[PDB]
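Asks: Sharing a structure with you now.
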Amino acid sequence: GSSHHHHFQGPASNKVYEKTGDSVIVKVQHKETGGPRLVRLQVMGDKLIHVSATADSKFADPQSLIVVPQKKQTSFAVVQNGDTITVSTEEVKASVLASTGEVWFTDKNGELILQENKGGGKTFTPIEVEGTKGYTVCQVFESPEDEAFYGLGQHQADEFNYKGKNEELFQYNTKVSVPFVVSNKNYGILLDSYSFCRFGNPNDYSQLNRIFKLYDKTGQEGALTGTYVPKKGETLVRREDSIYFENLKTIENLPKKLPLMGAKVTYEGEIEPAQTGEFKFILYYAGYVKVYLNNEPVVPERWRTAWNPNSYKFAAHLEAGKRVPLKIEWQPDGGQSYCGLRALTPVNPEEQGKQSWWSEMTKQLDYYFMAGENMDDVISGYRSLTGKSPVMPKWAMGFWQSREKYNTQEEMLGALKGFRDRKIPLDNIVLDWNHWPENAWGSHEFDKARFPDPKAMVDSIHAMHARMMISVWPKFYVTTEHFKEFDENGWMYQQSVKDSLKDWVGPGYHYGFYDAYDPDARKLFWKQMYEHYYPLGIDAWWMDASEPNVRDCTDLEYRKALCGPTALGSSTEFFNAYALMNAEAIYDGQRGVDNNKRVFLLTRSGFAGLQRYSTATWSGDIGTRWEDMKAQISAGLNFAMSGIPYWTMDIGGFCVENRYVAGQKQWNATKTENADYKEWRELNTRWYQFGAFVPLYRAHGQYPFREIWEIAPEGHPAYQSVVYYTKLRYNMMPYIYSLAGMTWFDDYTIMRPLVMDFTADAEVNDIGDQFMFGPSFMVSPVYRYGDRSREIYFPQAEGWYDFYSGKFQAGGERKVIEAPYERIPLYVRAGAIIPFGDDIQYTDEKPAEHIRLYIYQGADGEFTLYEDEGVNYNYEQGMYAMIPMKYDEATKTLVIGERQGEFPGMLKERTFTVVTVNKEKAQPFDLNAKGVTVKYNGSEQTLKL
Ligand code: NI
């Protein structure tokens, strides 16, 4: 007979399933090769289900690094009905088939939310690394044609809406992976894996010679042609097997006696596929690069510096057996540089549209399903499971000025005094790397020739009502006492030491990175910061290189060798979570010393759960490029949808084109602006406009200097515009800090793609170049040089108002909108209630005694004004105040609600001026606008407008 035919309180091994206190474990009845043997549904909350699966006959159940203990027990029922076993909470029903182990999720009325690949979507393949064992796992779900996906972290290919798309999940300077996706069907999936993972296609890309017949410039099969024109000397022409010069090993395949700086290289020929469909390409690049395929400019010019390269993707339909031309034009722009092109063969759209996860190494499959009423409610599930985001200190919501690098104490203090003397508001100033004696990275001591009195410096920063952040890497020179403390305990990764790697500083120094996965190493790492930096009064920690970035431009295999073994297992298994571990070290470290003082970290990598450690990510060493500016909009919106609500970027870009440096040097010498310097000023103007509406507003990068008065002088349009937006950030502070309060109290998200608030309007699904800043402002950056307008789509809504003029704009249409040099297009949603305060030089310079409450009429609205002490965790004990406000359009009524809570230093009495904007009343933004004066003492008042 068949395989099935042959094989209340009895042992569970006799039963198809076993119910425990919070879960059901089902034994797969029709076992397949590579398939699951056990599938568990564990109830974590009313809307929260933990799915586990394994090929073994028991679960390994390792402790999660990302999921925290939950607050309450959750009631649920289980029903077995033939092959179907269903776990039901008040809000969701999760079902599994005993036959296959396939899972699906419905709402309380049985409406489908998410279904596993029909017949099962889980595959297990054994893997062994360094005597440890686990599985490579695939999990695939069905996905309808109208499903849209957001999240995965922060990637640099300008992709937006991951439906039908691919992404590799590893960590590298500018690329932050978070294994969490949110759907427009109002659920999220969190994959609990720490290894290299993939969303979409589970395979690596292929070199061009593996998937195409190649013909060179003369038509000879078997290669492309490479033509190398050096800056000086004879041109070299050779055949190329493959275009793959992507890491330190493979750049040795470029021509041996041909200097790349100032060279112009052309790769060309024809490619011929053996199957028909959409081929998906990936370009890896540094220097200047363009790509043409079939005579189309598929990659218009991009640039990176020779040493932080990037990836960019494109796709094209190709016909089997037809030759099409391919040309890559490349200016390496350095002695070392990178260029590679790879591709994936076509995947049937029925399969490519599915939601597919691949994970290189875990002990079992673990994922979390979270349902919601809307996308904010999905994010709330993520915050329940991986921890709430604390309210950032209020000062973190102001302007941050940084540099790579302030070289001396005088330089740093001079920059800060420069803001105060010009009445350009600012809260935070940042000291970068190499403030230590050159040969002593990791000593945490200051070079006293350049910083003669570090404590006096921090005291002076504080006396000017500013806050200081300092750079701290996980990197230690081998000669330092601090290195030796880690090393003697086995807590330093050895590969970089064994291989005698030298860094880039001076003559080159030997170094290593500490193992953040070891809990005692974390304590020591914090203790060294506590003994050397904390007594100076430093307020914030810039935790750079937390990928960990042990060695730039190394291949996957060697990156794994460089960052393990770890305390928990191999680096193959524990590959992506370093920044989470490193952030725990500092957050739990500092609250251990002083539990009331707020913590701030800014870190270069990230992972699921990062937000629970009061830690933001910045988007890393990006270029001074319009295309990089555009990519940060989509990167930021995906990062926000990954559950982590504090994020920032280097306004202006980090690595600088040589022509911009030359422009600045010319300005310094002659006060004349060349064409490149004109572009520098416009790039920075537009990028500051954009940055004023991201969660943390921060300028940073390499030379030129980035203080606004260095970019352009007083009176120049660039200076005028940037100062306008820096001031506006502070007039918006009552609104902005209310959003910060909401991150903790309401599990809120600050920088929001349009799909969050306008999910019902599918025209927003692919829009990754506009966004909402809190509930009320729609921001549409200009990201092309010379443009004085741009196309904007206005979501379906009762209406929109131009912020600057108050002029009405209908919802549900796309049009060309004016965007002068000095202005970013900025609209306000009908129903907005927005509190604006007076000019201040820094957060809480003065109490917000007089607030203008702007009411943008035409729809109902709500807003809660949140205030607290700003600098400590007293809000956790109920020391804060909320003033809820509600506006009813039908009766034109505003209620300023009874104040809830109090705290030390709170205004008991204050003033509101209520200002209306409506379709018949185009009121420009104006602090002095005419309105209704309200003297408020905490008691409810009602206004009929
Ligand atoms: Ni020490």
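Residue numbering restarts at 1 in every chain; chains get A, B, ... in the order shown in the structure tokens, and ligands count up from 1 in that same order.
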Taking only C-alpha atoms and all ligand atoms and a cut-off of 7 Å, can you tell me which residues surround ligand 1, written as a ChimeraX atom specification?

Replies: /A:443,482,528,531-532

Asks: Fewer than 6 positions away in the same chain doesn't count, so skip those; otherwise give me all residues within 9 Å of residue 134 of chain A, counting only C-alpha atoms, as a PDB file with C-alpha atoms, in the first residue's frame.

Replies:
```pdb
ATOM      1  CA  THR A 125      19.265  21.562   2.780  1.00  0.00           C
ATOM      2  CA  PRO A 126      21.895  20.547   5.380  1.00  0.00           C
ATOM      3  CA  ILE A 127      24.961  22.788   5.729  1.00  0.00           C
ATOM      4  CA  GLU A 128      28.053  22.352   7.915  1.00  0.00           C
ATOM      5  CA  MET A 361      22.329  28.965   7.682  1.00  0.00           C
ATOM      6  CA  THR A 362      20.029  28.611  10.709  1.00  0.00           C
ATOM      7  CA  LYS A 363      19.231  25.737  13.112  1.00  0.00           C
ATOM      8  CA  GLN A 364      15.571  25.692  11.982  1.00  0.00           C
ATOM      9  CA  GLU A 573      25.496  31.525  10.778  1.00  0.00           C
TER      10      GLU A 573
END
```

Asks: DSSP on the backbone: which residues in segment 485-523 of chain A end up as alpha helix (DSSP H)? Give the answer as a VMD selection string.

Replies: chain A and resid 485 to 488 495 to 498 519 to 523

Asks: For the selection just defined, write its residues with N, CA and C atoms to a file, as a PDB file, in the first residue's frame.

Replies:
```pdb
ATOM      1  N   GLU A 485      43.761  43.735  25.914  1.00  0.00           N
ATOM      2  CA  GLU A 485      42.716  43.279  26.853  1.00  0.00           C
ATOM      3  C   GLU A 485      41.712  42.333  26.177  1.00  0.00           C
ATOM      4  N   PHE A 486      41.207  42.711  25.005  1.00  0.00           N
ATOM      5  CA  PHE A 486      40.351  41.801  24.240  1.00  0.00           C
ATOM      6  C   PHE A 486      41.103  40.522  23.868  1.00  0.00           C
ATOM      7  N   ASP A 487      42.307  40.680  23.322  1.00  0.00           N
ATOM      8  CA  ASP A 487      43.023  39.563  22.713  1.00  0.00           C
ATOM      9  C   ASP A 487      43.355  38.472  23.727  1.00  0.00           C
ATOM     10  N   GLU A 488      43.769  38.868  24.929  1.00  0.00           N
ATOM     11  CA  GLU A 488      44.127  37.895  25.967  1.00  0.00           C
ATOM     12  C   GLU A 488      42.917  37.070  26.440  1.00  0.00           C
ATOM     13  N   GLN A 495      41.755  36.896  11.992  1.00  0.00           N
ATOM     14  CA  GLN A 495      42.156  36.823  10.591  1.00  0.00           C
ATOM     15  C   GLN A 495      42.927  38.073  10.112  1.00  0.00           C
ATOM     16  N   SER A 496      42.440  39.264  10.458  1.00  0.00           N
ATOM     17  CA  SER A 496      43.130  40.491  10.052  1.00  0.00           C
ATOM     18  C   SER A 496      44.547  40.606  10.645  1.00  0.00           C
ATOM     19  N   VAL A 497      44.729  40.016  11.822  1.00  0.00           N
ATOM     20  CA  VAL A 497      46.017  40.012  12.514  1.00  0.00           C
ATOM     21  C   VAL A 497      46.941  38.968  11.860  1.00  0.00           C
ATOM     22  N   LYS A 498      46.437  37.747  11.712  1.00  0.00           N
ATOM     23  CA  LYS A 498      47.182  36.647  11.078  1.00  0.00           C
ATOM     24  C   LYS A 498      47.678  37.001   9.670  1.00  0.00           C
ATOM     25  N   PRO A 519      29.181  38.420  25.191  1.00  0.00           N
ATOM     26  CA  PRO A 519      28.626  39.395  26.165  1.00  0.00           C
ATOM     27  C   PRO A 519      29.658  40.058  27.079  1.00  0.00           C
ATOM     28  N   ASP A 520      30.738  39.338  27.399  1.00  0.00           N
ATOM     29  CA  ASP A 520      31.820  39.946  28.182  1.00  0.00           C
ATOM     30  C   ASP A 520      32.675  40.903  27.355  1.00  0.00           C
ATOM     31  N   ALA A 521      32.863  40.611  26.074  1.00  0.00           N
ATOM     32  CA  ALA A 521      33.538  41.555  25.174  1.00  0.00           C
ATOM     33  C   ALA A 521      32.733  42.856  25.055  1.00  0.00           C
ATOM     34  N   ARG A 522      31.401  42.754  24.969  1.00  0.00           N
ATOM     35  CA  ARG A 522      30.547  43.966  24.963  1.00  0.00           C
ATOM     36  C   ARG A 522      30.739  44.821  26.212  1.00  0.00           C
ATOM     37  N   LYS A 523      30.801  44.174  27.375  1.00  0.00           N
ATOM     38  CA  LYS A 523      31.016  44.909  28.603  1.00  0.00           C
ATOM     39  C   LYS A 523      32.355  45.625  28.626  1.00  0.00           C
TER      40      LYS A 523
END
```

Asks: Between A:678, A:388, A:30, A:175, single out the one closest to residue 619 of chain A, counting only C-alpha atoms.

Replies: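 Checking each candidate against residue 619 of chain A, we get A:175 as the closest.
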
Asks: Could you list, as a ChimeraX atom specification, every residue within 12 Å of residue 629 of chain A, counting only C-alpha atoms and ignoring same-chain residues fewer than 4 positions away?

Replies: /A:156-158,302,619,622-625,633-636,649-654,683-691,769,781-785

Asks: Can you list, as a ChimeraX atom specification, every protein, DNA or RNA residue that comes within 10 Å of residue 878 of chain A when you count only C-alpha atoms, leaving out same-chain residues fewer than 2 positions away?

Replies: /A:868,873-876,880-881,901-903

Asks: Write the residues of the preceding selection, restricted to N, CA and C atoms, as an mmCIF file, in the first residue's frame.

Replies:
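Writing done, so here's part.cif:
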```cif
data_model
loop_
_atom_site.group_PDB
_atom_site.id
_atom_site.type_symbol
_atom_site.label_atom_id
_atom_site.label_comp_id
_atom_site.auth_asym_id
_atom_site.auth_seq_id
_atom_site.Cartn_x
_atom_site.Cartn_y
_atom_site.Cartn_z
ATOM 1 N N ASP A 868 7.852 66.978 27.259
ATOM 2 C CA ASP A 868 8.446 66.360 28.441
ATOM 3 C C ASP A 868 9.775 67.069 28.740
ATOM 4 N N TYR A 873 14.814 59.925 31.064
ATOM 5 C CA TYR A 873 13.791 58.899 30.824
ATOM 6 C C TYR A 873 12.581 59.012 31.754
ATOM 7 N N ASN A 874 12.365 60.187 32.347
ATOM 8 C CA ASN A 874 11.229 60.366 33.258
ATOM 9 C C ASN A 874 9.862 60.119 32.621
ATOM 10 N N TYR A 875 9.754 60.267 31.294
ATOM 11 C CA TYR A 875 8.499 59.929 30.619
ATOM 12 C C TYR A 875 8.072 58.467 30.806
ATOM 13 N N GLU A 876 9.052 57.576 31.012
ATOM 14 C CA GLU A 876 8.801 56.164 31.301
ATOM 15 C C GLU A 876 8.034 55.948 32.603
ATOM 16 N N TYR A 880 5.202 63.369 31.718
ATOM 17 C CA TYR A 880 5.100 64.008 30.402
ATOM 18 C C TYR A 880 3.737 64.643 30.316
ATOM 19 N N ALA A 881 3.506 65.455 29.282
ATOM 20 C CA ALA A 881 2.168 66.006 29.043
ATOM 21 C C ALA A 881 1.730 65.887 27.592
ATOM 22 N N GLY A 901 -1.383 64.772 32.097
ATOM 23 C CA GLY A 901 -0.041 64.606 32.674
ATOM 24 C C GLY A 901 0.642 65.916 32.994
ATOM 25 N N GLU A 902 1.709 65.852 33.778
ATOM 26 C CA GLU A 902 2.577 67.007 33.999
ATOM 27 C C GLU A 902 4.020 66.549 34.187
ATOM 28 N N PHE A 903 4.936 67.508 34.163
ATOM 29 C CA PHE A 903 6.337 67.223 34.380
ATOM 30 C C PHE A 903 7.076 68.473 34.839
#
```

Asks: Which residues come within 8 Å of residue 320 of chain A, counting only C-alpha atoms, excluding same-chain residues fewer than 2 positions away, as a PyMOL selection string?

Replies: chain A and resi 272-276+318+322

Asks: Kindly export the residues of the current selection with C-alpha atoms, as a compact mmCIF listing (two decimals), in the first residue's frame.

Replies:
```
# COMPACT_ATOMS: atom_id res chain seq x y z
CA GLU A 272 23.23 36.26 -27.30
CA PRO A 273 20.98 34.45 -24.79
CA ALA A 274 19.79 30.86 -25.07
CA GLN A 275 16.28 31.55 -23.64
CA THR A 276 13.61 34.26 -24.01
CA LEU A 318 15.79 39.50 -24.69
CA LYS A 322 19.39 37.08 -31.15
```

Asks: Kindly indicate which residue among A:422, A:217, A:560, A:290 lies nearest to residue 325 of chain A, using only C-alpha atoms for the distances.

Replies: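 Among A:422, A:217, A:560, A:290, it is A:217 that comes nearest to residue 325 of chain A.
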
Asks: Hey, what's within 9 Å of segment 87-91 of chain A if we count only C-alpha atoms and toss same-chain stuff fewer than 4 positions away? As a list in words, please?

Replies: residues 23, 24, 41, 42, 43, 45, 46, 47, 74, 75, 76, 77, 78, 79, 95, 96, 106, 107, 108, 109 and 371 of chain A

Asks: Selection from above, C-alpha atoms, as a PDB file, in the first residue's frame, can you write it?

Replies:
```pdb
ATOM      1  CA  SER A  23       1.531  26.474  20.559  1.00  0.00           C
ATOM      2  CA  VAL A  24       0.539  23.576  18.361  1.00  0.00           C
ATOM      3  CA  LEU A  41       2.312  27.653  15.261  1.00  0.00           C
ATOM      4  CA  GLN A  42       3.094  29.656  18.416  1.00  0.00           C
ATOM      5  CA  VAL A  43       0.758  32.438  19.578  1.00  0.00           C
ATOM      6  CA  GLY A  45      -0.161  38.111  20.675  1.00  0.00           C
ATOM      7  CA  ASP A  46      -3.659  38.689  19.254  1.00  0.00           C
ATOM      8  CA  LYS A  47      -2.162  39.653  15.852  1.00  0.00           C
ATOM      9  CA  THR A  74      -2.876  35.471  24.722  1.00  0.00           C
ATOM     10  CA  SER A  75      -6.103  33.470  24.610  1.00  0.00           C
ATOM     11  CA  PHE A  76      -6.683  31.214  21.625  1.00  0.00           C
ATOM     12  CA  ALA A  77      -8.581  28.160  20.443  1.00  0.00           C
ATOM     13  CA  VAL A  78      -7.461  25.224  18.346  1.00  0.00           C
ATOM     14  CA  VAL A  79      -9.740  23.204  16.038  1.00  0.00           C
ATOM     15  CA  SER A  95      -4.067  27.227   9.762  1.00  0.00           C
ATOM     16  CA  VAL A  96      -1.749  24.380   8.794  1.00  0.00           C
ATOM     17  CA  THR A 106      -6.919  34.875   7.672  1.00  0.00           C
ATOM     18  CA  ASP A 107      -8.671  37.646   9.574  1.00  0.00           C
ATOM     19  CA  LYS A 108     -11.385  36.912  12.163  1.00  0.00           C
ATOM     20  CA  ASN A 109     -13.993  36.500   9.372  1.00  0.00           C
ATOM     21  CA  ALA A 371      -1.348  41.380  10.987  1.00  0.00           C
TER      22      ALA A 371
END
```

Asks: Would you please work out which residue, of A:425, A:110, A:144, A:120, is nearest to residue 98 of chain A when using only C-alpha atoms?

Replies: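 The answer is A:120, which sits nearest to residue 98 of chain A.
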
Asks: Could you jot down the atom CA of residue 641 of chain A to atom CA of residue 370 of chain A separation for me, Å, one decimal place?

Replies: 13.6 Å
